[PDB]
Every structure is written in C-alpha cells, then in structure tokens.
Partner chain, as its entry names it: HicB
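There is one chain below, alone, in structure tokens, taken in the form solved without its partner chain.
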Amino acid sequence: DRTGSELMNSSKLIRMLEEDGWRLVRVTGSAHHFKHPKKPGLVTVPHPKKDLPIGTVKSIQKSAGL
C-alpha cells in the first residue's frame, strides 16, 4: 500500500506463472523469485493475503509470458 517499489501482487495469474514452468530458485518470506529454464528472465512475485489488482501482474506477464 505504498507508492514505490510496489511489486506486491495477489492474483490467479500468479498460478499461471507456476504452470508455465517458472521455478522458485530463491525463497523469500513474501517475494517469490522465479526463473524459467529457457529464458534469461527473473520474475519476483511478493504474494501477501490481499485482493490485489492485476495492474502490476500484467507487467509481470510481459516478462513471464514473453
């Protein structure tokens, strides 16, 4: 609930990130650091318990999907 470095996300689309083959290579309290063994991309989803819009997620999908 800040206005800086808000990478926090909570959405069903995070599950898609898992199903795409992204693996948690670095475990953190809230921030899940995912790496896909094919593309040089690192996706970090900090997942709290809260209804969060996909506004940041669709930005993640740019790195996670492309």
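Positions refer to the first chain, counted from 1.
Below: the form deposited with its partner chain bound, not depicted.
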message: Using a 4.5 angstroms cut-off on non-hydrogen atoms, would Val25 count as touching its partner chain in the deposited bound form?
response: yes
message: Since only the chain is shown here, I'm wondering whether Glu19 would be in contact with its partner chain in the deposited bound form (any heavy atom pair within 4.5 Å).
response: no
- prompt: Hey, in the deposited bound form, does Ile14 get a heavy atom within 4.5 angstroms of its partner chain?
  reply: no
task: Go through 38-54 residue by residue and record those having a heavy atom within 4.5 Å of its partner chain in the deposited bound form; state none if no residue qualifies.
output: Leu42, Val43, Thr44, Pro46, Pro48, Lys50, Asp51, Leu52, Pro53, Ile54
